[PDB]
């Protein structure tokens, strides 16, 4: 029904338990997270730097708060400083410096509620951070995932430093991406509900202001698991890892059904991310606990963490003259 392409995948690294959160920082260094690392049967997840020339893996941060180890599950870099925002299914949302120190951004949200554990996040170009939270309350609450009960939530961490819960009642909310229009403005928030075959959209009307929740797209397949991570290319096609499959789905800007599929040499892609200024997509996957790369048909969308650089700054917004 749908065209399938089969690009050459190249293995980057392997033996990363629960491999996810591929991300590039402001300098082009590459990081991933290993959520399933354990010590004595307890979480001890890791944030890793991967040297793309040598393949060498370096543990950047082994987060823990009051003796509760983390489950780092997704990442985005900051443009303002060379620090990573790490969605942690046990600890919430962390800011991790490249030197390994970290700060937990929130024990509680804007309503005084205990924070939920997070997994993916996405900046809009105005600087707000949109976050999926598939786990229940952070440590020291007992760990719970919204696999069977609809308690996964969505947050927005605004430029004013407010952690606002903007929706809930999701069954493993996973990938999240912002659709920016040609004038640079945030228009739609896209959210994967991984325990269904659905992608949801909201219209962004401002910081932490979303409305008009609708079904945006449908994920093919009848196996366990749907959309995990997702990313826009420069034409606002959305590439969506289908964890219940060996494909990445390609949606047009207006969603619906995929218009093309990318066949992968592996099952269970968990996350994907473009390398800045390239067509190269890095993909994490849980069949092999591994990281791969492949060349897409065009560039990715300009990334938040490049937006203060000469040659990028000033080129995102466009207006009538």
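Positions refer to the first chain, counted from 1.
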{"property": "181 to 189 versus 124 to 132 - greater average Cα B-factor per the deposited record", "result": "181 to 189"}
{"property": "Mean C-alpha B-factor comparison - 114 to 122 and 213 to 221, higher one", "result": "213 to 221"}
{"property": "Candidate residues 84, 71, 156, 105, the one whose C-alpha B factor the record puts highest", "result": "105"}
{"property": "Identity of residue with top Cα B-factor, from 269, 63, 43, 55", "result": "55"}
{"property": "Residue 95 CA temperature factor, ranked by third within the chain", "result": "lowest"}
{"property": "Residue 275 - which third its CA temperature factor falls in, relative to the rest of the chain", "result": "lowest"}
{"property": "Third of the chain, ranked by Cα B-factor, where residue 295 sits", "result": "middle"}
{"property": "Position of residue 231 among the chain's modelled residues by C-alpha B-factor, lowest, middle or highest third", "result": "middle"}
{"property": "Third of the chain's Cα B-factor distribution that residue 38 belongs to, per the entry", "result": "middle"}
